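So the structure is just underneath, and the comments pick up after that.
Protein chains: 2
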Amino acid sequence: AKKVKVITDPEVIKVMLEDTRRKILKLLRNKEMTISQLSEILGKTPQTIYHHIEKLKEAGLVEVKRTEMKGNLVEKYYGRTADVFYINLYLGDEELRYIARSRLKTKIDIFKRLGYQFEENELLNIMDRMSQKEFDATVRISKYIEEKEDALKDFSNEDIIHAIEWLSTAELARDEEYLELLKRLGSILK
Amino acid sequence: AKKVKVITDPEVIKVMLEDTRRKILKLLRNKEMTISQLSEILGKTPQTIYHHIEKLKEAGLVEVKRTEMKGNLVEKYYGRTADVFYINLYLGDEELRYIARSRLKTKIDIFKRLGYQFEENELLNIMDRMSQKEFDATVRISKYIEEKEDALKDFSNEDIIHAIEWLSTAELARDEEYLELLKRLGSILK
């Protein structure tokens, strides 16, 4: 509904991954803002934010909540289509899988940079499987949350988010493959 | 240093837990802002933000980065003392333990509200132990990160944050008590 929204459309997911777009979405949680306000906060130019917002709008991630004649300029106030978004990078989309792997590899550079030694090929595989299991479990429970929103109107989105993590964690805990993957990680990363 | 800062002082931790203070800190990551700017974004009154900032300033969490004569009002620009803060609710401080338990109980109400049935006393204990282990592992690795900041200047704080999670997870994975706690959760929450 409006509190939580699960996204499985590879095209919108791809659009919301962009760095600035992310920051915009994070920002819009505070309240609906205009292209100017976002600009001032993000240290980004108005024209650039305009394009990002346009993209997010076209992706159904944001919408115009109201317009206002701010002096000599009529501006639109944008607000998120949902309080919290949940995505699954493991929806079978080839490009999404490689983005996930691109992200997991960045952290591996960090490990080696920090002095951790290991066989990067094995680690990436173990991280990718664990991450796939985690995304699938989180989508699974966030969907059930999404349909039970009326029963949670009395809770902050932060508490709801953290609750999903626990419920999701309890899920992974019933997955022996996951447990095995978790133990290998403990052996590989030291 | 400036990228990461681990906080073990119960008094500052207590100060940064306040809801609005949290939002302020989250906001200040984008850039240094004045009491007015925060106010407009947070939908909170200027005097109230003033008190929050004062508290955060007194807690060493924020500092004045520069002042500016904005028309008829001289304002201060506040910025975080560190890009990312890490806390440990399990530093032996009695009141902190109960705050942690207050938070874990909120999520249990959410579970029951969502239809999950279980013995709340056991769950709270299992969540608290798992959470204690997790906080201790994260503080442990974030400290090592804190001293190796020079080697990470080329990475975003987001990647660094996610890296700590993985390194921290690999840690918990070597803890058999944790593994057992993790499996009980899988049995308790369904």
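In order, the protein sequence lines correspond to chains A and A'. A prime marks a further copy of an entry chain. Here the first sequence is numbered in the authors' numbering, starting from 2 and rising by one per residue. Here the second sequence is numbered in the authors' numbering, starting from 2 and rising by one per residue. C-beta: ideal position from N, C-alpha, C; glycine also.
Do you know whose CA, among A:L29, A:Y91, A:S40, lies nearest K66 of chain A's CA?
Comparing Cα positions, the closest option is A:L29.
Give me the subset of the region 86 to 106 of chain A whose CB atoms are less than 7 Å from a CB atom of chain A', sorted by chain position.
Listed by position along the chain: nothing, the set is empty.
Counting along the chain, where does the beta strand (DSSP E) carrying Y78 of chain A' start and finish?
From DSSP, the beta strand (DSSP E) with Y78 of chain A' extends over 74 to 81.
When you compare each of A':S188, A':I14, A':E76 to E96 of chain A' by their alpha carbons, which one comes out closest?
Minimum Cα distance to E96 of chain A' is reached at A':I14.
Taking a Cβ distance cut-off of 9 Å, strictly less, list which residues of the region 25 to 49 of chain A are near chain A', in chain order.
Cβ contacts with chain A': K27, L28, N31, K32, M34, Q38, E41, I42, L43, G44.
How many angstroms separate the CA atom of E178 of chain A' from the CA atom of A152 of chain A?
Spanning the two alpha carbons is a distance of roughly 35 Å.
Going by CA-CA distance only, name the one from A:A83, A:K144, A:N122, A:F136 that's closest to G93 of chain A.
Of the candidates A:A83, A:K144, A:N122, A:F136, the one whose C-alpha sits nearest the C-alpha of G93 of chain A is A:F136.
Compare the Cα-Cα distances from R130 of chain A to each of A:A171, A:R141, A:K149, A:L180 and report the closest residue.
Answer by Cα proximity: A:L180.
With a cut-off of 8 Å, do at least 3 Cβ pairs link the region 49 to 60 of chain A to the region 13 to 27 of chain A?
Touching, yes.
What are the boundary residues of the beta strand (DSSP E) that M70 of chain A is part of?
That run of the beta strand (DSSP E) goes 63 to 71.
Decide yes or no for the touch test of the region 116 to 125 of chain A' against the region 164 to 178 of chain A': beta carbon pairs closer than 8 Å, at least 3 of them.
They do not touch, by the three-pair rule.
Using a Cβ cut-off of 8 Å, which residues of the region 142 to 154 of chain A contact any Cβ in chain A', in chain order?
For the region 142 to 154 of chain A, which is checked against every Cβ of chain A', the residues closer than 8 Å are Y145, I146, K149, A152, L153.
Just reading off the alpha helix (DSSP H) that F112 of chain A is part of, what are its end residues?
Element bounds for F112 of chain A: 95 to 114.
Quick one: what's got a C-beta closer than 6 Å to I100 of chain A's C-beta in the same chain, skipping five residues either side?
Counting only Cβ-Cβ distances below 6 Å, and skipping sequence neighbours, we find nothing.
Quick one: which chain A' residues come within Cβ less than 7 Å of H163 of chain A?
The contacting residues are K108.
Measuring alpha carbon to alpha carbon, tell me which residue in A:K149, A:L173, A:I54, A:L190 is nearest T35 of chain A.
Among A:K149, A:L173, A:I54, A:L190, the Cα nearest to that of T35 of chain A is on A:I54.
Is there a C-beta anywhere in chain A that falls below 7 Å from the one on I8 of chain A'?
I8 of chain A' does not count as touching chain A.
For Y51 of chain A, which of helix, strand or coil comes out of DSSP?
Three-state DSSP puts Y51 of chain A in a helix.
Is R114 of chain A' close to chain A, meaning its C-beta is less than 7 Å from at least one C-beta of that chain?
Closer than 7 Å to some Cβ of chain A, the Cβ of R114 of chain A' qualifies, so yes.
At a Cβ cut of 9 Å, what residues of the region 167 to 191 of chain A count as close to chain A', listed as they run along the chain?
Under the 9 Å Cβ criterion, the region 167 to 191 of chain A contributes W167, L168, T170, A171, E172, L173, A174, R175, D176, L180, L183, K184, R185, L186, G187, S188, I189, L190, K191.
Around the Cβ of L190 of chain A', are there at least 16 other Cβ atoms within 10 angstroms (buried) or fewer (exposed)?
Buried.
Please list, in chain order, the chain A' residues whose beta carbon lies closer than 8 Å to that of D84 of chain A.
Those do not exist, as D84 of chain A stays about 15 Å from chain A' at its closest Cβ, beyond 8 Å.
So, does the CB of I111 of chain A fall closer than 7 Å to a CB anywhere in chain A'?
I111 of chain A counts as touching chain A'.
Pick out whichever of A:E33, A:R102, A:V85, A:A138 has its Cα sitting closest to the Cα of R175 of chain A.
It is A:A138 whose Cα lies nearest to the Cα of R175 of chain A.
Taking residue 1 of chain A' as the query, report the chain A residues whose CB atoms sit under 7 Å from its CB, ordered along the chain.
This structure leaves residue 1 of chain A' out entirely; chain A' is present only between 2 and 191.
Between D160 of chain A and chain A', is any beta-carbon pair separated by less than 7 Å?
Chain A' contact via Cβ: present.
Is it true that the region 106 to 120 of chain A' meets the region 146 to 162 of chain A, where meeting means three or more beta-carbon pairs spaced less than 8 Å apart?
Verdict: yes, contact present.
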